[PDB]
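Asker: The following block contains the structure, expressed as structure tokens.
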Amino acid sequence: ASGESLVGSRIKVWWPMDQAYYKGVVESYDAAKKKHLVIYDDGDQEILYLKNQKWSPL
Amino acid sequence: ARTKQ
């Protein structure tokens, strides 16, 4: 579930190096670059291509 | 790298 419709949703994103899920919210979507801005619980931020990420809602 | 630690 990607695209502009994901904005506003709380998701957990898989970081392979830590073998961990980290919780955040999708704050925006860049249509041209197909990028989501994820703001994490712990203050981290990532600009992500979610289609090549392991991640899940909830 | 993409790690918290």
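Here, A, B, ... name the chains of the structure tokens in the order displayed, residue numbers run from 1 inside each chain, and ligands are numbered from 1 in the same displayed order.
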At a cut-off of 12 Å, which residues of chain A touch chain B? Count only C-alpha atoms and give the answer as an MDAnalysis selection string.

Answerer: chainID A and resid 13:22 40 42:46

Asker: Contacts of residue 6 of chain A at 10 Å or less, counting only C-alpha atoms, minus same-chain residues fewer than 6 places along, as JSON, numbers by chain?

Answerer: {"A": [25, 26, 27, 28, 29, 36, 57]}

Asker: Tell me which protein, DNA and RNA residues are within 12 Å of residue 30 of chain A, counting only C-alpha atoms, leaving out same-chain ones fewer than 6 positions away, and put them as a PyMOL selection string.

Answerer: chain A and resi 2-7+36-38+47-50

Asker: How many Å separate atom CA of residue 39 of chain A from atom CA of residue 23 of chain A?

Answerer: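 Between atom CA of residue 39 of chain A and atom CA of residue 23 of chain A the gap works out to 8.6 Å.
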
Asker: Running DSSP on the backbone, which parts of chain A land in helix (DSSP H, G or I), as a list in words?

Answerer: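 Those residues are residues 4, 5, 6, 50, 51 and 52 of chain A.
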
Asker: Do you have the atom CA of residue 10 of chain A-atom CA of residue 41 of chain A distance handy?

Answerer: 10.1 Å

Asker: Looking only at strand (DSSP E or B) from DSSP on the backbone, list the matching residues of chain A as a VMD selection string.

Answerer: chain A and resid 10 to 15 20 to 30 35 to 40 45 to 48 55 to 57
